[PDB]
$ cat start_1.csv   # CSV, C-alpha atoms
chain,number,residue,atom,x,y,z
A,17,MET,CA,91.8,65.5,-19.6
A,18,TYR,CA,89.6,68.6,-20.1
A,19,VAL,CA,88.5,71.1,-22.8
A,20,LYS,CA,87.2,74.7,-22.7
A,21,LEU,CA,84.2,75.1,-24.9
A,22,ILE,CA,83.5,78.8,-25.1
A,23,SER,CA,80.2,80.4,-26.3
A,24,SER,CA,79.4,83.5,-28.3
A,25,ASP,CA,78.7,85.8,-25.4
A,26,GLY,CA,81.9,84.4,-23.8
A,27,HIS,CA,80.9,81.5,-21.5
A,28,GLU,CA,83.7,79.0,-21.0
A,29,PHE,CA,82.5,75.5,-20.2
A,30,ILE,CA,85.2,73.3,-18.9
A,31,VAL,CA,83.9,69.7,-19.3
A,32,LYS,CA,85.5,66.2,-19.6
A,33,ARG,CA,87.1,65.3,-22.9
A,34,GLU,CA,85.4,62.0,-23.3
A,35,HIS,CA,82.1,63.8,-22.5
A,36,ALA,CA,82.9,66.2,-25.4
A,37,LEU,CA,83.7,63.3,-27.7
A,38,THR,CA,79.9,62.8,-27.8
A,39,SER,CA,79.8,65.5,-30.4
A,40,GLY,CA,80.8,64.5,-34.0
A,41,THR,CA,81.9,68.1,-34.7
A,42,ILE,CA,84.0,68.4,-31.5
A,43,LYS,CA,85.5,64.9,-32.3
A,44,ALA,CA,86.8,66.2,-35.6
A,45,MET,CA,88.2,69.4,-34.0
A,46,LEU,CA,90.4,67.6,-31.6
A,47,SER,CA,91.5,64.9,-34.0
A,48,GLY,CA,95.0,66.0,-35.0
A,49,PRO,CA,97.9,63.4,-34.4
A,58,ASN,CA,92.7,72.4,-25.4
A,59,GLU,CA,90.0,74.9,-26.4
A,60,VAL,CA,87.2,75.3,-29.0
A,61,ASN,CA,85.3,78.5,-29.6
A,62,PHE,CA,81.8,78.7,-31.1
A,63,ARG,CA,80.8,82.0,-32.7
A,64,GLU,CA,77.1,81.4,-33.2
A,65,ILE,CA,76.2,79.3,-30.2
A,66,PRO,CA,74.9,81.2,-27.1
A,67,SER,CA,75.6,80.3,-23.4
A,68,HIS,CA,72.0,79.3,-22.5
A,69,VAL,CA,72.3,76.9,-25.4
A,70,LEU,CA,75.8,75.5,-24.8
A,71,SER,CA,75.4,74.8,-21.1
A,72,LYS,CA,72.3,72.7,-21.9
A,73,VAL,CA,74.4,71.0,-24.6
A,74,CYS,CA,77.2,70.2,-22.1
A,75,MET,CA,74.4,68.6,-20.2
A,76,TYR,CA,73.5,66.0,-22.9
A,77,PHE,CA,77.2,65.0,-22.4
A,78,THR,CA,77.1,64.4,-18.7
A,79,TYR,CA,73.9,62.5,-19.2
A,80,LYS,CA,74.9,60.6,-22.4
A,81,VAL,CA,77.9,59.3,-20.6
A,82,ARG,CA,75.8,58.4,-17.6
A,83,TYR,CA,72.9,56.7,-19.2
A,84,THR,CA,74.2,55.0,-22.4
A,85,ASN,CA,74.7,51.4,-21.5
A,86,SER,CA,72.5,51.3,-18.4
A,87,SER,CA,70.0,48.6,-17.5
A,88,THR,CA,67.9,50.8,-15.2
A,89,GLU,CA,65.0,53.1,-16.1
A,90,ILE,CA,66.4,56.1,-18.0
A,91,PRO,CA,65.1,59.6,-17.3
A,92,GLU,CA,63.6,61.9,-19.9
A,93,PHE,CA,65.6,64.8,-21.3
A,94,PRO,CA,64.2,68.2,-20.2
A,95,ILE,CA,63.6,70.8,-22.9
A,96,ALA,CA,61.9,74.1,-22.0
A,97,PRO,CA,59.9,75.2,-25.1
A,98,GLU,CA,61.9,78.4,-25.3
A,99,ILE,CA,65.4,77.0,-25.7
A,100,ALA,CA,63.8,74.5,-28.1
A,101,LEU,CA,64.5,76.2,-31.4
A,102,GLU,CA,68.1,77.0,-30.5
A,103,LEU,CA,69.2,73.5,-29.3
A,104,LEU,CA,68.0,71.9,-32.5
A,105,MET,CA,70.1,74.5,-34.3
A,106,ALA,CA,73.0,73.7,-31.9
A,107,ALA,CA,72.6,69.9,-32.2
A,108,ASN,CA,72.2,69.7,-36.0
A,109,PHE,CA,75.5,71.6,-36.1
A,110,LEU,CA,77.0,69.7,-33.1
A,111,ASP,CA,76.0,66.3,-34.5
A,112,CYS,CA,74.8,64.6,-31.2
B,60,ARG,CA,59.6,35.4,-45.7
B,61,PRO,CA,61.3,38.7,-44.5
B,62,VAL,CA,63.7,38.0,-41.6
B,63,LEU,CA,61.7,39.7,-38.9
B,64,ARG,CA,58.5,37.7,-38.3
B,65,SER,CA,57.0,35.9,-35.4
B,66,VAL,CA,57.8,32.1,-35.4
B,67,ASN,CA,54.6,30.0,-35.4
B,68,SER,CA,55.9,28.5,-32.2
B,69,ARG,CA,52.5,27.3,-30.9
B,70,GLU,CA,53.9,27.6,-27.4
B,71,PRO,CA,52.5,29.9,-24.6
B,72,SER,CA,54.8,32.4,-23.0
B,73,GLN,CA,53.2,34.5,-20.2
B,74,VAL,CA,55.1,37.8,-20.5
B,75,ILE,CA,55.0,41.0,-18.5
B,76,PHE,CA,55.2,44.4,-20.2
B,77,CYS,CA,55.7,47.2,-17.8
B,78,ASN,CA,56.5,50.6,-19.2
B,79,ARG,CA,59.2,52.5,-17.2
B,80,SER,CA,59.1,55.4,-19.6
B,81,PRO,CA,57.2,58.8,-19.4
B,82,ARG,CA,55.4,57.9,-22.7
B,83,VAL,CA,52.1,56.2,-23.5
B,84,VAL,CA,53.5,52.9,-24.9
B,85,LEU,CA,52.2,51.1,-28.0
B,86,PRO,CA,53.1,47.3,-28.1
B,87,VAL,CA,53.8,46.4,-31.8
B,88,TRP,CA,53.9,42.7,-32.8
B,89,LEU,CA,55.5,41.5,-36.0
B,90,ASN,CA,53.2,38.6,-37.0
B,91,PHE,CA,53.7,35.5,-39.2
B,92,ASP,CA,54.0,37.7,-42.3
B,93,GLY,CA,56.2,40.2,-40.5
B,94,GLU,CA,53.5,42.9,-40.7
B,95,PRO,CA,53.5,45.0,-37.4
B,96,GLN,CA,50.2,44.9,-35.4
B,97,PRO,CA,48.9,47.4,-32.8
B,98,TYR,CA,47.9,46.1,-29.3
B,99,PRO,CA,46.3,48.0,-26.3
B,100,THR,CA,48.4,50.9,-25.1
B,101,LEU,CA,50.2,51.0,-21.7
B,102,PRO,CA,49.9,54.2,-19.6
B,103,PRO,CA,53.3,55.4,-18.2
B,104,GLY,CA,54.6,53.5,-15.1
B,105,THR,CA,52.1,50.6,-15.3
B,106,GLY,CA,52.4,47.2,-16.8
B,107,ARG,CA,50.5,44.0,-17.5
B,108,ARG,CA,51.2,40.2,-17.8
B,109,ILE,CA,50.3,39.2,-21.3
B,110,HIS,CA,49.7,35.9,-23.0
B,111,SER,CA,52.3,35.8,-25.8
B,112,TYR,CA,54.0,33.0,-27.6
B,113,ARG,CA,57.6,31.7,-27.6
B,114,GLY,CA,59.7,33.4,-30.2
B,115,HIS,CA,57.2,36.1,-31.1
B,116,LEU,CA,58.6,39.5,-32.1
B,117,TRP,CA,57.6,42.6,-30.0
B,118,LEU,CA,58.8,46.2,-30.3
B,119,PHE,CA,57.6,49.3,-28.5
B,120,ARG,CA,56.9,52.9,-29.5
B,121,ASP,CA,55.5,56.1,-27.8
B,122,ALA,CA,51.9,55.8,-29.0
B,123,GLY,CA,52.1,59.5,-29.9
B,124,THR,CA,55.2,60.5,-31.9
B,125,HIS,CA,55.8,56.8,-32.6
B,126,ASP,CA,59.3,57.5,-31.1
B,127,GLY,CA,61.5,54.3,-30.8
B,128,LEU,CA,61.5,52.9,-27.2
B,129,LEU,CA,63.7,50.2,-25.8
B,130,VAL,CA,62.9,46.9,-24.1
B,131,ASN,CA,65.4,45.1,-21.9
B,132,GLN,CA,68.1,47.5,-23.4
B,133,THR,CA,67.2,46.6,-27.0
B,134,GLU,CA,65.0,47.5,-29.9
B,135,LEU,CA,63.4,44.0,-30.2
B,136,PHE,CA,61.9,41.5,-27.7
B,137,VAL,CA,61.7,37.7,-28.1
B,138,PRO,CA,61.0,35.7,-24.9
B,139,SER,CA,61.9,32.0,-25.1
B,140,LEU,CA,60.0,29.7,-22.7
B,141,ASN,CA,59.0,30.3,-19.1
B,142,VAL,CA,61.3,28.2,-16.9
B,143,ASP,CA,59.5,26.3,-14.2
B,144,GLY,CA,56.3,28.3,-14.9
B,145,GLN,CA,57.7,31.7,-14.0
B,146,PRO,CA,57.0,34.6,-16.5
B,147,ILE,CA,59.3,36.5,-18.9
B,148,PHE,CA,59.8,40.3,-18.2
B,149,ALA,CA,59.7,43.1,-20.7
B,150,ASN,CA,61.1,46.3,-19.3
B,151,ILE,CA,60.1,49.1,-21.6
B,152,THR,CA,62.3,52.3,-21.3
B,153,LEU,CA,63.5,55.4,-23.0
B,154,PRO,CA,66.6,55.2,-25.2
B,155,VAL,CA,69.2,57.9,-24.9
B,156,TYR,CA,68.2,59.7,-28.1
B,157,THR,CA,70.5,62.1,-29.8
B,158,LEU,CA,69.8,65.7,-28.8
B,159,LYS,CA,68.9,66.2,-32.5
B,160,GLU,CA,65.7,64.1,-32.5
B,161,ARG,CA,65.2,64.8,-28.8
B,162,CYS,CA,64.7,68.5,-29.8
B,163,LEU,CA,63.0,67.4,-33.1
B,164,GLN,CA,60.4,65.6,-30.9
B,165,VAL,CA,59.7,68.8,-28.9
B,166,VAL,CA,59.5,71.2,-31.8
B,167,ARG,CA,57.3,68.5,-33.5
B,168,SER,CA,54.8,68.4,-30.7
B,169,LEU,CA,54.4,72.1,-30.0
B,170,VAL,CA,54.3,73.1,-33.7
B,171,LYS,CA,51.3,71.9,-35.7
B,172,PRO,CA,52.0,70.0,-39.0
B,173,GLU,CA,51.5,72.7,-41.6
B,174,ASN,CA,53.5,75.4,-39.8
B,175,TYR,CA,56.9,73.6,-39.6
B,176,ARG,CA,57.5,76.0,-42.5
B,177,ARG,CA,57.1,79.1,-40.4
B,178,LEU,CA,59.9,78.2,-38.0
B,179,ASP,CA,63.0,80.4,-38.3
B,180,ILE,CA,65.5,77.5,-39.0
B,181,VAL,CA,68.1,76.4,-41.5
B,182,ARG,CA,66.8,74.6,-44.6
B,183,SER,CA,67.8,70.9,-44.0
B,184,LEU,CA,65.7,71.0,-40.7
B,185,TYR,CA,62.3,71.2,-42.3
B,186,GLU,CA,63.1,67.7,-43.6
B,187,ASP,CA,64.7,66.6,-40.3
B,188,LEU,CA,61.3,67.6,-38.9
B,189,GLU,CA,59.1,66.4,-41.8
B,190,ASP,CA,60.5,62.9,-41.5
B,191,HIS,CA,59.0,62.0,-38.1
B,192,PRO,CA,60.1,58.5,-37.1
B,193,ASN,CA,58.3,55.5,-38.6
B,194,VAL,CA,57.8,51.9,-37.7
B,195,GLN,CA,57.7,50.5,-41.3
B,196,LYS,CA,61.0,52.3,-41.8
B,197,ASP,CA,62.6,51.2,-38.6
B,198,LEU,CA,61.7,47.7,-39.8
B,199,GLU,CA,63.7,48.1,-43.0
B,200,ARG,CA,66.6,49.7,-41.1
B,201,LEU,CA,66.8,46.7,-38.8
B,202,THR,CA,66.4,43.8,-41.3
B,203,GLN,CA,69.7,44.9,-43.1
B,204,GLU,CA,71.0,45.6,-39.6
B,205,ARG,CA,70.9,41.8,-38.9
B,206,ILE,CA,71.5,40.8,-42.5
B,207,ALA,CA,74.9,42.4,-42.2
B,208,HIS,CA,75.4,40.5,-39.0
C,1,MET,CA,74.8,56.9,-6.1
C,2,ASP,CA,76.5,60.3,-6.9
C,3,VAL,CA,75.6,63.9,-7.7
C,4,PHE,CA,75.9,66.0,-10.8
C,5,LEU,CA,77.4,69.4,-10.6
C,6,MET,CA,77.9,72.8,-12.2
C,7,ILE,CA,80.8,74.6,-10.5
C,8,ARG,CA,80.3,78.3,-11.4
C,9,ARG,CA,82.7,81.2,-11.1
C,10,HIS,CA,82.1,84.3,-13.4
C,11,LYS,CA,82.0,83.0,-17.0
C,12,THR,CA,83.4,79.6,-15.9
C,13,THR,CA,81.0,76.7,-15.6
C,14,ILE,CA,82.5,73.2,-14.9
C,15,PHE,CA,80.6,70.0,-15.6
C,16,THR,CA,81.7,67.5,-13.0
C,17,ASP,CA,80.3,65.0,-10.5
C,18,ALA,CA,81.1,63.7,-7.0
C,19,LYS,CA,79.9,61.1,-4.5
C,20,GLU,CA,77.2,62.1,-2.0
C,21,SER,CA,79.2,60.8,0.9
C,22,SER,CA,82.4,62.6,-0.1
C,23,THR,CA,83.3,66.0,1.5
C,24,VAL,CA,84.0,69.5,0.2
C,25,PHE,CA,87.8,69.4,0.7
C,26,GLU,CA,87.7,66.5,-1.8
C,27,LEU,CA,85.8,68.7,-4.2
C,28,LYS,CA,88.4,71.5,-3.6
C,29,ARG,CA,91.2,69.1,-4.8
C,30,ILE,CA,89.0,68.2,-7.8
C,31,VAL,CA,89.0,71.9,-8.6
C,32,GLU,CA,92.7,72.1,-7.7
C,33,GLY,CA,93.1,70.0,-10.8
C,34,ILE,CA,91.1,72.3,-13.1
C,39,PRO,CA,92.6,75.0,-1.5
C,40,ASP,CA,94.2,77.8,0.6
C,41,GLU,CA,92.4,80.2,-1.8
C,42,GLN,CA,89.0,78.6,-2.5
C,43,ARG,CA,85.5,79.0,-1.0
C,44,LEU,CA,82.4,77.0,-2.2
C,45,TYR,CA,78.8,78.1,-1.7
C,46,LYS,CA,75.4,76.6,-1.7
C,47,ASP,CA,73.4,79.5,-3.3
C,48,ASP,CA,74.6,82.1,-0.8
C,49,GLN,CA,75.7,79.8,2.1
C,50,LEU,CA,79.5,79.4,2.5
C,51,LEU,CA,80.1,75.6,2.6
C,52,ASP,CA,82.6,74.4,5.2
C,53,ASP,CA,85.3,71.8,4.5
C,54,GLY,CA,84.7,68.9,6.9
C,55,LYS,CA,81.1,68.6,5.5
C,56,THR,CA,80.0,66.1,2.9
C,57,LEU,CA,77.9,66.7,-0.2
C,58,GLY,CA,74.7,65.3,1.4
C,59,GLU,CA,75.4,67.6,4.4
C,60,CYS,CA,75.5,70.6,2.1
C,61,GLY,CA,72.2,69.6,0.6
C,62,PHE,CA,73.1,68.0,-2.7
C,63,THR,CA,71.1,64.7,-2.8
C,64,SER,CA,71.7,62.9,-6.1
C,65,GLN,CA,68.0,63.6,-6.3
C,66,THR,CA,68.7,67.4,-6.6
C,67,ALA,CA,71.8,66.9,-8.7
C,68,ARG,CA,70.6,64.8,-11.7
C,69,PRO,CA,72.9,65.0,-14.8
C,70,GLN,CA,70.4,66.5,-17.2
C,71,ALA,CA,70.0,69.4,-14.8
C,72,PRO,CA,73.1,69.4,-12.4
C,73,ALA,CA,73.1,71.3,-9.1
C,74,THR,CA,75.2,74.4,-8.9
C,75,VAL,CA,78.1,74.8,-6.4
C,78,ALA,CA,85.0,82.2,-4.7
C,79,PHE,CA,88.7,82.9,-5.4
C,80,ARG,CA,91.0,84.3,-2.7
C,81,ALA,CA,93.3,86.7,-4.6
C,82,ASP,CA,96.3,88.1,-2.7
C,83,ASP,CA,94.9,87.6,0.8
C,84,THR,CA,91.1,88.5,0.9
C,85,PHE,CA,88.3,86.8,-1.0
C,86,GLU,CA,86.1,88.0,-3.8
C,87,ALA,CA,82.3,88.0,-3.4
C,88,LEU,CA,80.7,84.9,-5.1
C,89,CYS,CA,80.3,86.2,-8.7
C,90,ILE,CA,78.5,84.2,-11.4
C,91,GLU,CA,77.4,85.7,-14.7
C,92,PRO,CA,74.0,84.3,-15.8
C,93,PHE,CA,73.7,82.9,-19.4
C,94,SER,CA,72.0,84.8,-22.2
C,95,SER,CA,68.2,84.6,-22.7
C,96,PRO,CA,66.6,82.8,-25.7
C,97,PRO,CA,64.2,84.7,-28.0
C,98,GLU,CA,60.6,84.7,-27.1
C,99,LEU,CA,59.0,81.5,-28.4
C,100,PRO,CA,57.7,81.9,-32.1
C,101,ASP,CA,54.1,82.7,-32.8
C,102,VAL,CA,53.0,79.2,-33.8
C,103,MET,CA,55.3,77.3,-31.4
C,104,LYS,CA,53.1,78.7,-28.6
C,105,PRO,CA,49.8,77.0,-27.5
$ encode --input "start_1.csv" --output "structure tokens"
Amino acid sequence: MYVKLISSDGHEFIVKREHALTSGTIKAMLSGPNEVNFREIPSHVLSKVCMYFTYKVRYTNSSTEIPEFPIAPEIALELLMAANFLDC
Amino acid sequence: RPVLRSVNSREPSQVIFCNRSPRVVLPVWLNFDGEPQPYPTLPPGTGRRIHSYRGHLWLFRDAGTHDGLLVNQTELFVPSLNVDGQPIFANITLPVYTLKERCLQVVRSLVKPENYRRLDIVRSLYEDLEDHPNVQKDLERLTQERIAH
Amino acid sequence: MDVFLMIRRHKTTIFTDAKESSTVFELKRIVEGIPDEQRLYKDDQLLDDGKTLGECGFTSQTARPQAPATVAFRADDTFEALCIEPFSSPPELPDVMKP
């Protein structure tokens, strides 16, 4: 099953739901017994946040060597802002 | 008398620390008093066979930020005894951090200590930053971790 | 083992993965879940169907998850040109955050 996490400038990232469950925010936005828009999160910030997901599913519970997460010093003050809000 | 100290096992345990992480790795050893001790650092990629003891308590941090590293898919490392003379193996790796402290780590390195306060960020973050990870802390976090279990 | 992918069309980016030995027609069914009207492209090169991922130049070495490799709709009868809208740009890095 899939979600459609849209950014401020209007980027629509369709990722796997279990991947999205990595966020504590996005887990309490899909929790009612799909789509989520974010008004103050850019595209160059959200695509990189959809990356932590593909990689957090991949590497959590792995016995191999585990590769470093790449953060260009420019997107560095906007992913911390994204993550503190995202909760992941 | 805390519940994370090295047992005085008086038994040799030839052990191999090789760092499979990008960091410069600091071996930390909790002694017979449970007080962590610093050993010679491992450059990234390399590793050494060490003369340690059965039931000693090792953990590993990036010698720089003091960021928590893993060993054999865990926080702590205790060997047992070398079966038939073959040595125990400590595989020091990166943990999947949360993107939070992952980014904290980066801002932390590029921005000098005093000028966290110049960064254009929300207010709870100057504290997220100002509390750079600590070993004495991650010892208290873990003791109650295993006291609950 | 496998690759990691960003399948891009306009302001659509899809975070998926596929095996390096598996073909394009397979990846075109994977998209047919999110065939007759579908063309995939490596950069500017139109990928053909009977080709695998490794044959189209996505080694799992060039398609790691923390930076996945990037992979056209046929409306009515003819195709569109491959259109992908780049993401926004971050602010220039603050005065103290620089070396």
$ interface_residues --input "start_1.csv" --of "chain B" --to "chain C" --cutoff "10 Å" --atoms "all atoms listed in the file" --output "MDAnalysis selection string"
chainID B and resid 165:171 174:175 177:179
$ residues_around --input "start_1.csv" --residues "stretch 109-112 of chain A" --least-positions-apart "6" --cutoff "8 Å" --atoms "all atoms listed in the file" --output "list in words"
residues 38, 39, 40, 41 and 42 of chain A; 157, 158 and 159 of chain B
$ write_last_selection --input "start_1.csv" --atoms "C-alpha atoms" --output "mmCIF file, in the coordinates of the input"
data_model
loop_
_atom_site.group_PDB
_atom_site.id
_atom_site.type_symbol
_atom_site.label_atom_id
_atom_site.label_comp_id
_atom_site.auth_asym_id
_atom_site.auth_seq_id
_atom_site.Cartn_x
_atom_site.Cartn_y
_atom_site.Cartn_z
ATOM 1 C CA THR A 38 79.900 62.800 -27.800
ATOM 2 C CA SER A 39 79.800 65.500 -30.400
ATOM 3 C CA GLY A 40 80.800 64.500 -34.000
ATOM 4 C CA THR A 41 81.900 68.100 -34.700
ATOM 5 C CA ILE A 42 84.000 68.400 -31.500
ATOM 6 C CA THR B 157 70.500 62.100 -29.800
ATOM 7 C CA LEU B 158 69.800 65.700 -28.800
ATOM 8 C CA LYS B 159 68.900 66.200 -32.500
#
$ interface_residues --input "start_1.csv" --of "chain C" --to "chain A" --cutoff "10 Å" --atoms "only C-alpha atoms" --output "tab-separated table (two decimals) with C-alpha atoms, in the frame of the given file"
chain	number	residue	atom	x	y	z
C	4	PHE	CA	75.90	66.00	-10.80
C	5	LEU	CA	77.40	69.40	-10.60
C	6	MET	CA	77.90	72.80	-12.20
C	7	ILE	CA	80.80	74.60	-10.50
C	8	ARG	CA	80.30	78.30	-11.40
C	10	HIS	CA	82.10	84.30	-13.40
C	11	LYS	CA	82.00	83.00	-17.00
C	12	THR	CA	83.40	79.60	-15.90
C	13	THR	CA	81.00	76.70	-15.60
C	14	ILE	CA	82.50	73.20	-14.90
C	15	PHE	CA	80.60	70.00	-15.60
C	16	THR	CA	81.70	67.50	-13.00
C	17	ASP	CA	80.30	65.00	-10.50
C	33	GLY	CA	93.10	70.00	-10.80
C	34	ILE	CA	91.10	72.30	-13.10
C	68	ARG	CA	70.60	64.80	-11.70
C	69	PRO	CA	72.90	65.00	-14.80
C	70	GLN	CA	70.40	66.50	-17.20
C	71	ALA	CA	70.00	69.40	-14.80
C	72	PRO	CA	73.10	69.40	-12.40
C	91	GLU	CA	77.40	85.70	-14.70
C	92	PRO	CA	74.00	84.30	-15.80
C	93	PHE	CA	73.70	82.90	-19.40
C	94	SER	CA	72.00	84.80	-22.20
C	95	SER	CA	68.20	84.60	-22.70
C	96	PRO	CA	66.60	82.80	-25.70
C	97	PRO	CA	64.20	84.70	-28.00
C	98	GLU	CA	60.60	84.70	-27.10
C	99	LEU	CA	59.00	81.50	-28.40
C	100	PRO	CA	57.70	81.90	-32.10
C	103	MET	CA	55.30	77.30	-31.40
C	104	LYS	CA	53.10	78.70	-28.60
$ closest_atom_pairs --input "start_1.csv" --of "chain B" --to "chain A" --cutoff "10 Å" --atoms "only C-alpha atoms" --output "tab-separated table"
residue	atom	partner	partner_atom	distance
B:78	CA	A:89	CA	9.4
B:79	CA	A:89	CA	5.9
B:80	CA	A:89	CA	7.2
B:81	CA	A:92	CA	7.1
B:82	CA	A:92	CA	9.5
B:130	CA	A:87	CA	9.8
B:131	CA	A:87	CA	7.3
B:132	CA	A:87	CA	6.3
B:150	CA	A:89	CA	8.5
B:151	CA	A:89	CA	8.4
B:152	CA	A:89	CA	5.9
B:153	CA	A:90	CA	5.8
B:154	CA	A:90	CA	7.3
B:155	CA	A:84	CA	6.3
B:156	CA	A:112	CA	8.8
B:157	CA	A:112	CA	5.2
B:158	CA	A:112	CA	5.7
B:159	CA	A:107	CA	5.2
B:160	CA	A:104	CA	8.1
B:161	CA	A:93	CA	7.5
B:162	CA	A:104	CA	5.5
B:163	CA	A:104	CA	6.8
B:164	CA	A:100	CA	9.9
B:165	CA	A:100	CA	7.1
B:166	CA	A:100	CA	6.6
B:169	CA	A:97	CA	8.0
B:178	CA	A:101	CA	8.3
B:179	CA	A:101	CA	8.2
B:180	CA	A:105	CA	7.2
B:181	CA	A:105	CA	7.7
B:183	CA	A:108	CA	9.2
B:184	CA	A:108	CA	8.1
B:187	CA	A:108	CA	9.2
$ atom_distance --input "start_1.csv" --atom1 "atom CA of residue C:19" --atom2 "atom CA of residue C:75"
13.9 Å
$ atom_distance --input "start_1.csv" --atom1 "atom CA of residue B:120" --atom2 "atom CA of residue B:71"
23.9 Å
$ atom_distance --input "start_1.csv" --atom1 "atom CA of residue C:43" --atom2 "atom CA of residue C:65"
23.9 Å
$ closest_residue --input "start_1.csv" --among "C:24, C:81, C:1, C:90" --to "residue C:59" --atoms "only C-alpha atoms"
C:24
